[PDB]
Amino acid sequence: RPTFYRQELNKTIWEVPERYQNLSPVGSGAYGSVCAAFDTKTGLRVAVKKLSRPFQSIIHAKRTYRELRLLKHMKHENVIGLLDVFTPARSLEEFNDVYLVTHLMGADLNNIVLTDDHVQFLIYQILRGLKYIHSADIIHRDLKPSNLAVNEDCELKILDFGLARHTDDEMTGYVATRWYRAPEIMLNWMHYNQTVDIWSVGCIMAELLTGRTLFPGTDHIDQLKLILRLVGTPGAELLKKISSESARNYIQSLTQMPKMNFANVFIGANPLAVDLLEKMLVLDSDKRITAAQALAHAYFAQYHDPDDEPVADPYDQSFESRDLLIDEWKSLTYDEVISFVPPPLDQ
Ligand SMILES: Cc1ccc(NC(=O)c2ccoc2)cc1-n1cnc2ccc(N3CCN(C)CC3)cc2c1=O
């Protein structure tokens, strides 16, 4: 067991192993504050998130367990991984604090915004990342530029997947961003699958190509209006699939937009880039390209290697459907701290 040391970094008492040095706060991550630090053990720059009141409620408690489970499972270049997890607690009884340590990528995709080859590389890495998380039946749900971490090599990792609530029957505290959300999760108007994340990739890729937010909607309805202006009102075959009677009512009432020519919207874009965008930004949940299929699209010829696009090990999210006391979520998280083994360090 290591020696810890305490400091006050903006409201909060950080208590961390002596191994981590020169903590300097960089803002909020998912459910708590993040410090940049220096890892004396590895010589590396790391990010330390202190979860804010991890065990105040069932929601915080379950979400704490979820995040730690998520992180401990991901092992892939384009998906953030767990370098370390720790507590100052010396027993389960006094266990009150969780700190999660990952690599510090220099930046995220806001800060960056770009040539076509740059967009190829970055979107390529996102889809390579999504294939792996999708293959474990995990869905990001709020993929967006601020949770795409990038270093100066344009090497990219996805953060914060799997947190934004599954249905509207649950609350996880996590706040999504309107502009990158698939119309089906935003509005809950047909069922949804992993391709909610492909819609997002569509929106991010477009933005990288034009500098403009694709759909800067000011609310749910304005957002839906912006979207239909580009893709057109849904056809009779799409209407067939809308499960809600109010959504279908609303749509069939809007005065009808035609689908536009994506070439006349993405003018000056590489035509392969345009073709992919048309395959990503389709209303129909069953028709939208998947991560795997997008990886094989001509746009990515320079990057695609079927033998280096791995899938994940099976991930057991049966805990998701359980209804347990705060102390039960709490002890489960404790087990997961104690059993943590850090990634191997070669020379
Ligand atoms: C350190 C850390 C620990 C855990 C998690 N959890 C997940 O990614 C995740 C995946 C599934 O569920 C949760 C993420 C992080 N993490 C890693 N690196 C970061 C780098 C920078 C920042 N900040 C960038 C600047 N911004 C103003 C505030 C956030 C933030 C971060 C940042 O939050």
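None of the figures in this text is laboratory data; all of them are computed from the coordinates on show. No Cβ is skipped: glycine too gets one built from the backbone with ideal geometry, and neighbour counts run over all protein chains shown.
Quick one: go through the range 149-188 and flag any residue whose amide nitrogen is under 16 Å from the point 7 Å out along the Cα-to-Cβ line of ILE58.
Counting backbone N atoms under 16 Å from the label point, the list is 166-173.
Just rank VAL16, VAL341, fewest to most, by other beta-carbon atoms within 10 angstrom. It would help to have the intermediate numbers written out before the result.
Numbers: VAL16 23, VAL341 6.
Arranged by neighbour count, lowest to highest, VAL16, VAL341 become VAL341, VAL16.
Label-point separation (nm) for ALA301 and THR40, each offset 7 Å from Cα along Cα-to-Cβ?
Label-label distance for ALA301 and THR40, simple model: 5.3 nm.
Using 7 Å Cα-to-Cβ label points, what is the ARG1/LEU272 separation (nm, one decimal)?
Each label point lies 7 Å from its Cα, and together they span 5.7 nm.
Ignoring everything except DSSP H segments at least 4 long, calculate the 222 nm mean residue ellipticity for the chain; use -39,500 (n - 2.57) per segment, divide by total residues, nearest 500.
-9500 deg cm²/dmol
For the chain, count all C-alpha to C-alpha pairs, find those more than 34 Å apart, and express that count as a whole percent of the total.
That tail contains 30 percent of the Cα-Cα pairs.
With a cut-off of 8 Å between alpha carbons and a minimum separation of six or more residues, what is the relative contact order of the range 140-281 in percent? Numbers along the way, then the final one.
Numbers: 163 pairs, mean separation 28.7, N = 142.
Taking the mean separation of contacting Cα pairs over the length of the range 140-281, I get 20 percent.
For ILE139, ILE338, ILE204, which order do you get if you count the other beta carbons within 10 Å of each Cβ and list the fewest first?
The order, fewest Cβ neighbours first, is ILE338, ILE139, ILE204.
First measure r as the distance between the Cβ atoms of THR12 and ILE112, then evaluate 1/(1 + (r/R0)^6) with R0 = 30 Å and state the FRET efficiency to the nearest 0.05.
Efficiency for this residue pair is about 0.55.
Based on Cα positions only, what radius of gyration and what Dmax would you give for the range 107-311, in angstroms?
Rg and Dmax of the range 107-311, Cα atoms, are 16.5, 49 Å.
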